[PDB]
Amino acid sequence: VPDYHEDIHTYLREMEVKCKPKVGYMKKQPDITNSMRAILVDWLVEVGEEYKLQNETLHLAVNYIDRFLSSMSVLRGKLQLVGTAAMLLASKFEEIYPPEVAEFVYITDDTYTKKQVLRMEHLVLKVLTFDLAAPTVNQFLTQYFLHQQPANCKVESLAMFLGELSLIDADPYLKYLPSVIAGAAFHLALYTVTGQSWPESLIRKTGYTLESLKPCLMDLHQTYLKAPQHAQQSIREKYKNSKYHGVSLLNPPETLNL
Amino acid sequence: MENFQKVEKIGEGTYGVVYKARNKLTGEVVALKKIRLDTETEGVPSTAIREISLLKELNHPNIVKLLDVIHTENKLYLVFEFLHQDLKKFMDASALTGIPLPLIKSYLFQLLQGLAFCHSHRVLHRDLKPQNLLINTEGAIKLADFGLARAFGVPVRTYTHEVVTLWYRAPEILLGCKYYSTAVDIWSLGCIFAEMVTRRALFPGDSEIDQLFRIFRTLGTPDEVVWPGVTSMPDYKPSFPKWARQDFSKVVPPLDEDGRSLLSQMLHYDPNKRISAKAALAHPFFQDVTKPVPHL
Amino acid sequence: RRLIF
């Protein structure tokens, strides 16, 4: 029921600051690198197709890894383990029935033992102090969408697409809150498909002027424009499928009218 | 864990064995949830994951207080404020006399504040029922057991074949809709309210279909007029019997006019029209509310 | 999929 939004929105806009990763964490990390991080999130995007997981599970899972690496240094050899226990926690928090651990040990090619995965779940838990109800881009995209006159499922499918792209690269994106990334993704999706503009309805709800969106909007444009060329492709290959109206085939606008 | 002395097991359920116990240092009395743990072939169970995280965010008088989590290598302890028993076993003991009107109104009013606080923090319970509602001797009731509870920042996909219970399950889930809403929690409240009043469960189905038909037999058979869309829902059938809506005074005699009024808005069929917890609190029925204490 | 890094 529409009696409870605002309160949820406000509260999501509050919870989002406390669940925040450190913006320059990849650079205090001795062994691992933004591109290792890209490879990892790409693999997790693909793990989710194989097991027909929900998209929030993938968003949630990345959040864990980022908040995990903001206080734990990891070797490049134990990253895929840190990633696996995130997707299992995320799975266990969000999915109706999650994959078995065996399945989570199998997605990784008998790399880590089932026991290693499990007692890395406990360590993830310890370090985030059982704070898993993290707000994510996908959460805010959904809360928008409601403001969409006329409704239209290519915008929705395309904003989701753009917002997953931003999971892949922390390079720019880790200095934006999900509420803004979502905002920037909703606008770019809407501007790409219809030509319309980030509406005044949620300029009041969110306090987000188009102008205030500008910076992350530019970043998320470039990222869009360059998507087909990117080292990672798992997301684009997933948003090819007609589950999504092949949003990812649509042609970026090489300008933004800003 | 060394600071807690197990006094006795006061029930159980999910996770496992739940003891009363006192802090040997402070003297506080707590309920330890002791969750068993499969470190070889499962991990931390989804229910534990949900309960701990959601409750860690819901600080509020009518929601059972998670105090500490104690997280050893092979064991996982949760630490809760003690409360003295559950609505359910209270009603067995008060059935024959009946729970006093004024107390029942206090209870509904408190459950409606905690439910409201839950739904305004994107959290459904999905498993309200008298045996999951705690009472103390100072007349407080609190929501407890957040094991099936889910956060709804995104809509909550519904269970294939639901796990939740029959008796307090909303028609829209009985006809297999795609999603939960805050409204199913209200429908559940609306049944506990009835039960506390009438000493027996409002809709004691013996199976998904029977539960429907008992519903249907008492509030009439949903059509389009009352609930647009029903006809076209996965589990709805042209062959459904056509019953007539009973007077509510026929269904919950003892209640007064304003309680009937409100009971009926909690049982409205269309989710989109069923009353939210916020409103309920605003209802006439709560004008003369006090805080009676129960005879346990 | 072993990720080699």
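Structure determination for this PDB entry was carried out by X-ray crystallography, with a resolution of 2.90 Å recorded in the header.

Residues and elements named next belong to chain B. Spatial ordering of the open sheet is given by 6-8-9, a layout of 3 strands whose pairing is antiparallel. Sheet topology places strand 6 (85-86) and strand 9 (141-143) at the edges, where each strand pairs with a single neighbour. Relative to strand 9, strand 8 (residues 133-135) runs antiparallel, the two sharing 3 bridges. Each residue of the ladder has a partner; that of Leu 134, found in strand 9, is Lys 142.

So, about the interface of chain C and chain A. Of the residues lining the interface, 4 residues belong to chain C; the matching set on chain A comes to 11 residues. Partitioned by chemical class, the residues of the side of chain C that touches chain A number 2 nonpolar, no polar and 2 charged.

So, on to the packing of helix 3 (residues 101-119) of chain B against helix 5 (residues 182-198) of chain B. Residues and elements named next belong to chain B. It is the contact of helix 3 with helix 5, at a shortest axis distance of 11 Å, that shows an interaxial angle of 170°. On the basis of the axis angle, helix 3 is roughly antiparallel to helix 5. Residues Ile 104, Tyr 107, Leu 108, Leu 111, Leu 112, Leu 115 and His 119 of helix 3 touch helix 5, and the partners they reach there are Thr 182, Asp 185, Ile 186, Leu 189, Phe 193, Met 196 and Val 197.

Turning our eyes to something else, we now look at the interface of chain B and chain A. The partner chain A presents 33 residues to the 40 residues of chain B that form the contact. Counting every contact that joins chain B to chain A gives 4 salt bridges. The closest approach of N and O atoms between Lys 92 of chain A and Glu 42 of chain B, which form a salt bridge, is 3.3 Å. In this structure, the connection of chain B to chain A is made through 13 residue pairs in polar contact.

Rules used in this analysis
- Residues numbered from 1 in each chain as written, not as in the entry; some residues may be left out.
- Chains lettered and ligands numbered in written order.
- Heavy atoms only, no water.
- Residues with missing side-chain atoms left out of burial classes, pairs and counts.
- Pairing = 2+ DSSP bridges.
- Helix = DSSP H or I, 4+ residues; strand = E, 2+ residues; numbered from the N terminus.
- Contact = heavy atoms within 4.5 Å.
- Nonpolar A, V, L, I, M, F, W, Y, C, P; charged D, E, K, R; others polar.
- Axes fitted to C-alpha atoms, helices over the stretch in contact; angles between N-to-C directions.
- Parallel < 35°, antiparallel > 145°, perpendicular 65-115°, else oblique.
- Salt bridge = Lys/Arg side-chain N within 4 Å of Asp/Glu carboxyl O.
- Polar contact = N/O pair within 3.5 Å; in protein donor to acceptor, adjacent residues only side chain to side chain.

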